[PDB]
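As a starting point, one isolated chain is supplied in structure tokens, in the form deposited in one PDB entry.
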């Protein structure tokens, strides 16, 4: 019993931070689709530029619809404070622009989302910030790479595109010892499956464009961490260095999506578990990577830090670059698209799609096979998804 008990995840996803009685009984929070806020007095106005008063002035810095979204994402991640941005890249760039100056070093996971890699190497890397890639699964190697200039450790777990994982608590422990800020891109899991801040990370970023929205109709990013770090990112990264302002309309849609997060994630995971087990037994499949199978290289780390194994599958077809094209073109229910976490099931074959400008030789040493297909398993009836994949495997043979 007792009132000091934390409400369950689904309760907070739906209610946290909002009481209808503070807004004329409105069951759904009204949408503050306004660019600016006014003051009753110039002295009240002075107080919102001098930090004496809680309030609002300009939606780029702060907005009540965005604030609700932010406090709710903070609650779900177990962090102190949230920030909502125009995209995942908005969240990532606003964060790193704030935390890094010339001479600082960022240690990076070995593989990264493509635009993240490009921001680092062709963006902030070109402004005097040093980059080093390390296998975050090898704690001994991470420890060895730390220098007094190391300011930020940044990685995804599971990471694009191989679902390589890092031990978050282990990384946090090394960073505590040396003094570095740990940021985890937690897009693939959501706070429903994994909570890096509870494992000792300082900040988490999300492409809310993916599972958090869940419906493929908005682009959005989220940062969650300590009040001090999130405030700094808000007032420097967002306000001055990116201008990546989330529309209140889209923030409201994001909050709508978050109300079913637990139910969608349950189904994404149950469907992908069924597909992965089916695919592991098909003749055309040479290799499958799914965190829910014992064949997964980091099976125990997955079980240890993710409450469920996710909705992403990667597998290799027998027949190389060819067989991929044939599998892909055959799909009738899965769509050929590069994204993830939609209600609609998506499939990509990077060899003949994203990385098709390269030759057979070149995709290696970036972690990309010739028959590597990636699946974002959606919310459709599993039997239809099974049938679609089955029929497409046949055509790929």
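We call the rigid core the largest set of C-alpha positions that still match within 1.5 Å between the two forms. Numbering follows the first chain given and starts at 1.
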query	finding
Stretch with the greater mean C-alpha B-factor as recorded in the entry, comparing 142 to 150 against 178 to 186	142 to 150
Residue stretch of maximal mean CA temperature factor, 194 to 202 vs 243 to 251	194 to 202
C-alpha B-factor winner, where the candidates are 47, 340, 31, 68	47
Selection from 214, 90, 79, 320 [criterion: highest C-alpha temperature factor in the record]	320
Entry-reported Cα temperature factor of residue 266, expressed as the chain third it lands in	lowest
Within-chain third of residue 220 by Cα B-factor, per the entry	lowest
Record-listed C-alpha B factor of residue 8: chain third	lowest
Residue 324 CA temperature factor, ranked by third within the chain	highest
Third of chain Cα B-factors occupied by residue 382	middle
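The same protein also has a form deposited in another entry, omitted here; what follows describes it.
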| item | value |
| --- | --- |
| Core-fitted Cα difference of 2 Å or more between this form and the one not shown, single residue among 332, 53, 38, 339 | 53 |
| Displaced residue check between this form and the one not shown: residue 62, CA, 2 Å or over, core reference | yes |
| Residue pair residue 37, residue 61 - Cα distance in the other form, closer or farther (3 Å or more) | closer |
| Direction of Cα pair change residue 55-residue 12 in the other form, magnitude 3 angstroms or more | farther |
